[PDB]
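In what follows, a structure is listed as structure tokens, so that the remarks can point back to it.
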Amino acid sequence: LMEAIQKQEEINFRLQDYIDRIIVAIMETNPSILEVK
Amino acid sequence: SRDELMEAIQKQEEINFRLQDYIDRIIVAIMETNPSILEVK
Amino acid sequence: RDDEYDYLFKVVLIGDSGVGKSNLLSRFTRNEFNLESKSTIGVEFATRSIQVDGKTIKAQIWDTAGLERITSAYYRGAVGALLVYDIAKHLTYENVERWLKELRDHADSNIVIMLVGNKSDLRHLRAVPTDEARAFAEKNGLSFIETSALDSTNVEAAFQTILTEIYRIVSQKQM
Amino acid sequence: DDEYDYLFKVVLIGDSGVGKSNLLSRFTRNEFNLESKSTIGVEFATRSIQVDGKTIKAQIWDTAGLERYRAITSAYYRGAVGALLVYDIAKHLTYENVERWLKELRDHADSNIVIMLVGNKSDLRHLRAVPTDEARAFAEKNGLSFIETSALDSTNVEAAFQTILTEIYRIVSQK
Amino acid sequence: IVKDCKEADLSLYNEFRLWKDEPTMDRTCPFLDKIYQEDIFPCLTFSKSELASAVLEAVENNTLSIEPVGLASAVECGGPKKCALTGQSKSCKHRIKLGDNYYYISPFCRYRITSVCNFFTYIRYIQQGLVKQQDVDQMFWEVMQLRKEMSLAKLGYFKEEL
Amino acid sequence: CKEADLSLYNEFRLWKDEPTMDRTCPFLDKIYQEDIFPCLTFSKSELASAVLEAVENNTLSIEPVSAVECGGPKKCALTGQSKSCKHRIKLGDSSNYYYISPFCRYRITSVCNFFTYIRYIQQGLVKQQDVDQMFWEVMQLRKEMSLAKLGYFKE
Ligand SMILES: Nc1nc2c(ncn2[C@@H]2O[C@H](COP(=O)(O)OP(=O)(O)NP(=O)(O)O)[C@@H](O)[C@H]2O)c(=O)[nH]1
Ligand SMILES: Nc1nc2c(ncn2[C@@H]2O[C@H](COP(=O)(O)OP(=O)(O)NP(=O)(O)O)[C@@H](O)[C@H]2O)c(=O)[nH]1
Ligand SMILES: [Mg+2]
Ligand SMILES: [Mg+2]
């Protein structure tokens, strides 16, 4: 049960390192993607 | 350790959930316009 | 009715997590405030056009998570920055010094910096007397303003100001 | 040089953990990772090959093996002229699901899409759950090419792509 | 060992959820009367009785404001060593404003007053709500926390930032 | 609970630092003598010694499912027993399926599992596992063989 929190915190580490890398690239070419409005 | 076992995984799984839904949505957009982004190289 | 623009200015929001950056953004762009809003994931920007000296200025307001540790890309091309703290959390103000370092490191010089100034709506909770900050603002070469995204006070004014000051600086270098 | 005569988009599909991501890494950059974690988002890497004197640029798309459904299958399969349907020789369930993937293809991807069945992790010979005969048999009756690969020891990874690519070449060549 | 738990007093909850469905700032409703007598009034009981009920008016109108004062003339207004509400002499790091003159205030007094102000702020957030993604249950337990705080200040248990 | 035998722990920790598949090194000798050899001991010794070679060489393979020694669904090739055999063994290039009892299957896969993990380390290839984690995996691998050695198996 306590081993579950160690692995899902490791998932955040993996998910976020992904979002960062992808965001960097998106800006390096077509940042229009990142518009909200 | 007590009832604090279920509150750490409850909020952190919900965060992962939103993180993933974000990743899907932008990936779709990325594919809809400039998919060159998703190359490894 | 125009849809076309004379100038395109990129302005970035920075500051400790929870000072209200995202709401400053939403309030300015779509006049919406969310009391229960969650932490901002990834990077976004929204746009709005305004009139300054007869010319239409298209503002590109970028937002991201205040907790930081992709910064280079974020500040790039930014001609303006809103450095935000929580009037009611002295700690987010203490960190204003830390944010200026990241600013004067990864962002272009000549960048207009405005100090905000947020959650002015909580009157009984104020930890940062206006003067202590306003002084800090003038001595470090920052404009300064106090806003509440919650009650709408000065949010519009804050953007209108930093935008015209960016207009003024770019028109004059053009002269 | 960087020119190519044909550009073929080939997608990797199959149950999570059958080794799609490593088939990709082995073929495109001749690298294998024993410890690799699950694939987030969507990627593709390219490699050019010679087929009938003409230069063929292969665009190998890879994605999270966990599917049956969300949100972006339409785009992933779009323009795919080839598909590597992968299972784990040592986990029978992944072979069991092969039919479901053929369904997935028969729904969201173009017909005439060349499909090859792999066939992977052949290096574990004591763990084999899927006798080759049965797989080869299933493939032929269902109009599929078939091969067994190991991304770990490199066996047939090369041959596998070379095959699906030249067979895609011929169909594009005839018309 | 003993564990800390929570369960709603059905009386308070039903009294509340009824109020939630038709919110009012009216002092005389069932919801606020209880809360006024049990929490608000006791919190704002001070030596200078003229000024005390005066602060209450400021709080109800959200015209009250509190600034810190990094270190004119009157017995009122207080000073760094003397509180305006209670006559005690202690270092006052905060200053109160009823409306656009400054009155000096002790840290104990501040906690009592802000504790009340937070209640009014959430009560007001709900009327003009502005409260969307929080179910009524969570809202209720928010109100209890607000009450716990006032109830603690009521009895002389407060918090100081240092 | 579990606690590392320092004697074994040091031996392994050194071996990991300069990995060898040599049957004669201290690390492997001990395990061969104590685990592998006894695990791969069968009644019909001719096929048995062939199996040992296939495992070391990774040419042996095990699949689920008119020759005499091959055995059949009711008879095991390695041990002379009559039991229902749901798996068949194939040695390198040989093309012959020998039926194997569920008891035998456990003993062989236990050994094949030890070797395939060791091989992963020698060409490692294991980058994310602490030295301690790696050690206890070897202990686990040895524990299995130690049970299979004695006739305690899983199906
Ligand atoms: N009282 C009050 N609360 C405010 C104000 N502006 C924002 N908040 C609240 O402050 C909290 C944080 O707001 P948010 O805009 O999400 O902060 P943030 O700067 O976006 N955080 P992050 O940088 O991590 O995205 C929210 O609960 C929001 O409603 C304001 O002017 N007054
Ligand atoms: N023995 C062996 N292991 C392999 C082989 N290919 C992959 N693996 C292992 O099994 C796992 C497969 O990982 P991966 O290639 O990411 O599979 P996947 O298809 O990408 N899964 P996902 O779709 O979820 O990303 C990895 O731990 C890898 O080390 C192979 O040919 N042989
Ligand atoms: Mg934000
Ligand atoms: Mg993958």
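Cβ coordinates were reconstructed from backbone atoms using ideal geometry, including for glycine residues, and neighbour counts include every protein chain displayed. Since every read-out is calculated from the coordinates, none of them should be taken as a lab result.
Overview of results
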read-out: Pairs with Cβ under 8 Å, 6+ apart, first in segment C:85-108 and aromatic (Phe, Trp, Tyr), second assigned to a helix (DSSP H, G or I); value: C:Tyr85/C:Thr92; C:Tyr85/C:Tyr93; C:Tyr85/C:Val96; C:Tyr85/C:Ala133; C:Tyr93/C:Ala133
read-out: Test: residue in segment D:51-62 that is within 16 Å of ligand 4 (Cβ to nearest atom), over 16 Å from D:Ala160 (Cβ atoms) and surrounded by fewer than 17 Cβ atoms within 10 Å (Cβ to Cβ); value: no
read-out: Residue match in segment D:93-111 (condition: touching a helix residue (DSSP H, G or I) at 6+ places or on another chain (Cβ under 6 Å) and surrounded by fewer than 22 Cβ atoms within 10 Å (Cβ to Cβ)); value: yes
read-out: Pairs with Cβ under 6 Å, 6+ apart, first in segment B:13-41 and more than 17 Å from A:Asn30 (Cα to Cα) and more than 9 Å from chain D (Cβ to nearest Cβ), second hydrophobic (A, V, I, L, M, F, W, C) and surrounded by 15 or more Cβ atoms within 10 Å (Cβ to Cβ); value: B:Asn16/A:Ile11; B:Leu19/A:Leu15; B:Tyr22/C:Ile41
read-out: Residue within segment E:137-152 that is out of contact with any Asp or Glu (no Cβ under 8 Å at 6 or more places or on another chain) and within 22 Å of C:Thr130 (Cα to Cα) present; value: no
read-out: Contacts under 6 angstrom Cβ, first residue in segment D:48-68 being more than 29 Å from D:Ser36 (Cβ to Cβ), partner in a strand (DSSP E or B), 6 or more apart; value: D:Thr55/D:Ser48
read-out: Test: residue in segment C:58-78 that is closer than 19 Å to C:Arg134 by Cα and either basic (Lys, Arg) or within 16 Å of ligand 2 (Cβ to nearest atom) (or both); value: no
read-out: Enumeration of residues in segment D:120-134 that are within 14 Å of another protein chain (Cβ to nearest Cβ), within 15 Å of the chain's Cα centre (by Cα) and not in a loop (DSSP other than H, G, I, E, B); value: none
read-out: Residue satisfying all of: in segment F:110-152; among the hydroxyl-bearing types (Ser, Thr, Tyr) and touching a helix residue (DSSP H, G or I) at 6+ places or on another chain (Cβ under 9 Å); nearest to F:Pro19 (Cα to Cα) among these; value: F:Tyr117
read-out: Of all residues in segment C:1-23 being of a type in the set (A, V, I, L, M, F, W, C) and within 18 Å of C:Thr164 (Cα to Cα), the one that is farthest from ligand 4 (Cβ to nearest atom); value: C:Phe9
read-out: Hey, C:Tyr85 touching a strand residue (DSSP E or B) at 6+ places or on another chain (Cβ under 6 Å) and among the hydroxyl-bearing types (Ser, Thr, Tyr) or not; value: yes
read-out: Residue in segment D:151-160 that is farther than 21 Å from D:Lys9 by Cβ, touching a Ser or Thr at 6+ places or on another chain (Cβ under 7 Å) and surrounded by 19 or more Cβ atoms within 10 Å (Cβ to Cβ) present; value: yes
read-out: Candidates F:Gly80, F:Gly92, filtered to the one that is within 17 Å of D:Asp123 (Cα to Cα) and over 15 Å from the mean Cα position of the chain (by Cα); value: F:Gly92
read-out: Listing of helices (runs of 4 or more DSSP H) fully contained in segment E:1-113 that carry 1 or more residues being surrounded by 14 or more Cβ atoms within 10 Å (Cβ to Cβ), basic (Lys, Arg) and more than 14 Å from chain C (Cβ to nearest Cβ); value: E:10-21, E:30-35
read-out: Sole exception among (1) more than 12 Å from ligand 3 (Cβ to nearest atom); (2) over 20 Å from C:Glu165 (Cα atoms); (3) loosely packed, with under 15 Cβ neighbours inside 10 Å for C:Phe33, by number; value: (3)
read-out: Hits in segment C:137-162 (condition: in a helix (DSSP H, G or I) and closer than 14 Å to C:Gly80 by Cβ); value: C:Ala158, C:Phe159, C:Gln160, C:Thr161, C:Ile162
